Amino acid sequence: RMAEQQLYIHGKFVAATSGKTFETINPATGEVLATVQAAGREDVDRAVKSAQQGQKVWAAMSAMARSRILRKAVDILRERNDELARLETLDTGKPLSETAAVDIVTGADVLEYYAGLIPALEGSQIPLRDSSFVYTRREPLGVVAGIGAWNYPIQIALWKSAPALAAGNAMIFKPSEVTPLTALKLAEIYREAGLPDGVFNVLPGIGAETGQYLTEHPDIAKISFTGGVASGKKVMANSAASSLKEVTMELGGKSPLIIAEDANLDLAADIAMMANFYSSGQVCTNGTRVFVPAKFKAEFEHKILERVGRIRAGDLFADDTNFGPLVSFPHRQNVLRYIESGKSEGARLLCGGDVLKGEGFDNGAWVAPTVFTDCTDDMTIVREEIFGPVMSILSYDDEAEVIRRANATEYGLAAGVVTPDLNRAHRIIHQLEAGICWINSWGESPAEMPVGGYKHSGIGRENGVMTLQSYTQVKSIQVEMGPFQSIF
């Protein structure tokens, strides 16, 4: 077993003063991975004052000095990629085949990206007249808070802290109570790279206490939240009631995958598989509404079933395992409730629909890869994000119809189209009300590419140059060199 996990405040581990702890479970076995201390209201106050002190040191350094420190953190993350991925697999249940290739690789890609952009962060200068001009400064916000989710723990920590730190802020990061372990490791790595004490503090805890204490704190200038749509609305409200914080939200979706009448169905089946069953379906951007032309539906169903049969659940550290248990046993219960609603509302179950059983599965939170067909737009499984391995296949007749049905949702995160035709690909994508659109692919999220939701799926964006800027605030300065005229 691991040692009791403490808070990370001001460059060292420190005991919480809340007197409270929680446990994180290994979802493959049900065993306790670690007991974790929970940050109380006073621990949060201590973290903010640590962050205020560190942020001043960090911002006073030169831009290239900050760049070099983050680059050293990148180097450590590349060296420790396999070790960090193994820890992430234990905490999340995701196969090592995923965590060692994606989670830290792409988290570090984003930190590496923003490290190089720090010196390009510039204000503007605006001439008004010969005797007066304006210039702007992109100043740090100060202390910002990141609230992470459990499906990509260290990647989310990196995607939130990289731009925040790169812009000259300190960040207090609260990982999900489900998956707190890699965030604490990241804090140690940042310190090892030379990040000033206090610039990245980590506070494990539960949302109702530690999360709320951060969102309410008067000296936190911005909150960045990743999680479910409902919890997001609550976070965003509480941030306004306290001190009118800036907000960023990356929430869930019900993203449509549109298969065009001229699509190759093997390619379409491969994209739908990767859009539904990666990380056991626990991805906010998953293409869980798969729209297929009626004339191709039966053949598409056959190709999905063939690929589903190739899914390899088992030992999460085995090279050939590509499917894991869900992150927790309560989450499995929620996915199973959705599956039962699909059955009772008349969707046709093509495969899966139950837990996995037998040696090596009975103690883990496993759900079989599940595919429903003959789905309709009013069904619960079609309208609501499930966050488990459940694909809904929907038939359609014409392009105008599928665009309307694709857009007829409160969600807005991602979308995609499969077509070899130039006009159809751009024409359709331009009409879809989603922030992340994939043509003949799914899932790739380059550090350069801003990502976030339309409508109820988000506020603001992550990644790209714009996100570095969104972690600064503009100060406009007018220099008046002419004589000032008063009307009094």
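In this text, residue numbers run from 1 along the sequence as written. Under this definition, the rigid core comprises the largest set of C-alpha atoms superposing within 1.5 Å between the forms.
Larger root-mean-square CA separation from the shown form, computed after a rigid core fit of the structures in 8 other deposited structures of this protein, is seen for 230-238 when 118-126 is set against 230-238. The stretch with the higher mean CA B factor, choosing between 461-469 and 475-483, is 475-483. For the pair 60-68 and 30-38, the record assigns the higher mean C-alpha temperature factor to 30-38. When the C-alpha B-factors of 201, 238, 161, 285 are read from the PDB record, the largest value belongs to 238. If you compare the C-alpha temperature factors of 418, 347, 115, 157 in the entry, 347 comes out highest. When the CA B factors of the chain's modelled residues are split into thirds, the value for residue 178 lands in the middle one. Residue 135 sits in the lowest third of its chain by CA B factor, as recorded in the PDB entry.
In the deposited entry, the Cα temperature factor of residue 55 sits in the top third of values across the chain's modelled residues. In this PDB entry, the Cα temperature factor of residue 123 sits in the bottom third of its chain's modelled residues, the lowest group. Sort the modelled residues of the chain by CA B factor and residue 92 lands in the middle third.
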